[PDB]
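Form deposited in one PDB entry, single chain, as structure tokens, below.
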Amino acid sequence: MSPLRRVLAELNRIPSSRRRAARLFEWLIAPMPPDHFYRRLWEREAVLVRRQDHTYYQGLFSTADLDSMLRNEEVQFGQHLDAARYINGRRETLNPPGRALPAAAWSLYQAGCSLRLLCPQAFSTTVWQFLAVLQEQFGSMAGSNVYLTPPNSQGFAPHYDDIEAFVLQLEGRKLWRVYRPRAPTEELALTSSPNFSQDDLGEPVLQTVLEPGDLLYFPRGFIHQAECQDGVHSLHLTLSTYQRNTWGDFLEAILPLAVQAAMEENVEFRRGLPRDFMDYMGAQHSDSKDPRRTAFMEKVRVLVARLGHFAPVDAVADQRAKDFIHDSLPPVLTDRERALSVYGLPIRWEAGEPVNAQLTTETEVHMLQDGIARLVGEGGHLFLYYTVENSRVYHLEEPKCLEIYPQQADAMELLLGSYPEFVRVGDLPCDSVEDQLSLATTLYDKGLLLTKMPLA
């Protein structure tokens, strides 16, 4: 077994989804310690991990897998696959319209075009598990792109991305050039950059040839470009996460709610503006030393600083967790998780008819996995959003939730916060035995709960 197949087999043996995610990330950057990586290198500098083992990723994704996909799946150009090339300093996109059959894709490849698969997790169960598990320790959606570049060519123009990137070299070799942010405003850039020319760049802070097994990481804002040497092609998978997951994004959501709450709860935010402020505020008064401006600006600073007191921080955290649920890949269940939940509940047939299975107050249970559900308050109501009905295709499924009544709130929170400890249904903090069985049965039937022993 290769290291990748080995660790995946190991993951199936780890009862907690939280621990499985920590383990896979540990494996991803080994031998570098995760603690050291997040403390000093995450979002700060480019990092190269020389693996010394070309088989490290064997089983994750290969060119034969790409070929098999184009033939047996409905892979579309533009929607799923891009064909591009960077020749004569110009970025070209040769995307024919329609389905990307093997004959077409490979003809483009033989003509020097690079092929980029936009959603491999939708077509590969191994990439799916890989991302589903890693998204849990990033606390942010984890996507991927697969890049196949033919010998002696470059598929893309230098540029920097709007996400944190992990480059896994799968096949062949490729010369990579990584540059530090060119200016202060480019550090941890908010959006993807345009295509740059060789003249827009300076001296790379990291230039190296990657080999199968190696890993190259760099923060958003770091310009990069890669090319294949003589005779050897290159296949790599880029793992991306942390798209617009900043303090500023958190603030953009909290501010309108904070002002709204301040206006409704405090008369000072309700008082009228001065009748003559238009006489000293405005671009045509920017050079003015009018004492009225200073007082006006001083009031703006004081009111804005107040707003902190009215900021609904928990509500915004829940709104972001809800969007995370919506963006998430559905879970990959271990053999045990499937066997102990409604997914592995057998239906016995006799005489051509199904003959069904009930939880009791003695049944011990806990959440299917740690990152598949979230309690969210909306419009004075409580809703439990979940990922178990999500597609492997990004946003193909709309947000899924079920209403949690006030009486069940305490028990629901207990279940979400005590994973993976088993809890008897009869020990749930509800006002009646009937309420305990009701909540447990609802969660179990929806595939959100597992039992210590199979129900049947």
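The numbering used is simple: start at 1 and walk along the sequence shown.
Of the other PDB entries for this protein whose models extend past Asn88 on both sides, does at least a third leave it without coordinates? That residue is missing from at least a third of the other compared entries.
Counting the other entries of this protein, is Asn356 left out in at least a third of them? Across the compared entries, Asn356 is left out in at least a third.
Where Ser286 meets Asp287 in the shown sequence, the number of deposited residues left unmodelled: Gap between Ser286 and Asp287: none.
Mean temperature factor over C-alpha atoms, higher-scoring stretch between 137-145 and 376-384: The recorded data point to 376-384.
Looking at the entry, does 386-394 or 45-53 show the higher mean C-alpha B-factor? If you average the C-alpha B-factors of 386-394 and of 45-53, the larger mean comes out for 45-53.
Among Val300, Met263, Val316, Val205, which carries the highest Cα B-factor? Highest CA B-factor of the listed options: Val205.
Name the one of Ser328, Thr238, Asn245, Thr185 with the greatest CA B-factor according to the PDB entry. Out of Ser328, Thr238, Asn245, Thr185, the record gives the largest C-alpha B-factor to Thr185.
Could you place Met281 in the lowest, middle or highest third of its chain by Cα temperature factor, using the values in the record? Answer is middle: the recorded C-alpha B-factor places it there.
Should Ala456 be placed in the lowest, middle or highest third of its chain by the C-alpha B factor in the entry? It belongs to the highest third of the chain when residues are ordered by C-alpha B-factor.
Ranked C-alpha temperature factor of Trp27 among modelled chain residues, by third: Tercile = lowest for this residue's CA B-factor.
Rank-wise, by C-alpha B-factor, drop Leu70 into the lowest, middle or highest third of its chain. Highest third of the chain for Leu70's C-alpha B-factor.
Using the B-factors in the PDB entry, rank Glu362's C-alpha atom against the chain and give the third, lowest, middle or highest. For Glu362, the deposited C-alpha B-factor lands in the middle third.
Absent from the display: the form deposited with a partner chain bound. The rest refers to it.
Within 4.5 Å of its partner chain in the entry with it bound, do we find a heavy atom from each of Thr93, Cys119 and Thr238? Contact check passed for all of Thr93, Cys119 and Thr238.
Give a yes/no on whether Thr360 approaches its partner chain to within 4.5 Å in the entry with it bound, heavy atoms considered. Result no; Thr360 lies far from its partner chain in the entry with it bound.
Examine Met32 and determine whether its closest non-hydrogen atom to its partner chain in the entry with it bound is within 4.5 angstroms. It does not: once its partner chain is placed as it appears in the entry with it bound, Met32 has no heavy atom within 4.5 Å of it.
Is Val365 a contact residue for its partner chain in the entry with it bound, using a 4.5 Å heavy atom cut-off? Looking in the entry with it bound, residue contacts with its partner chain do not include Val365, since no heavy atom lies within 4.5 Å.
Even though the partner isn't displayed, in the entry with it bound is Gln243 close enough to its partner chain, meaning a heavy atom within 4.5 Å? Heavy-atom contact with its partner chain at 4.5 Å: present for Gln243.
Only one of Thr334, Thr126, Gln225, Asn145 gets a heavy atom within 4.5 Å of its partner chain in the entry with it bound. Which one? By the 4.5 Å criterion, the partner-contacting residue is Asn145.
Which residue, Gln79, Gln207, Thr294, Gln229, is the contact with its partner chain in the entry with it bound, using a 4.5 Å heavy atom cutoff? It is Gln79 that has a heavy atom within 4.5 Å of the partner.
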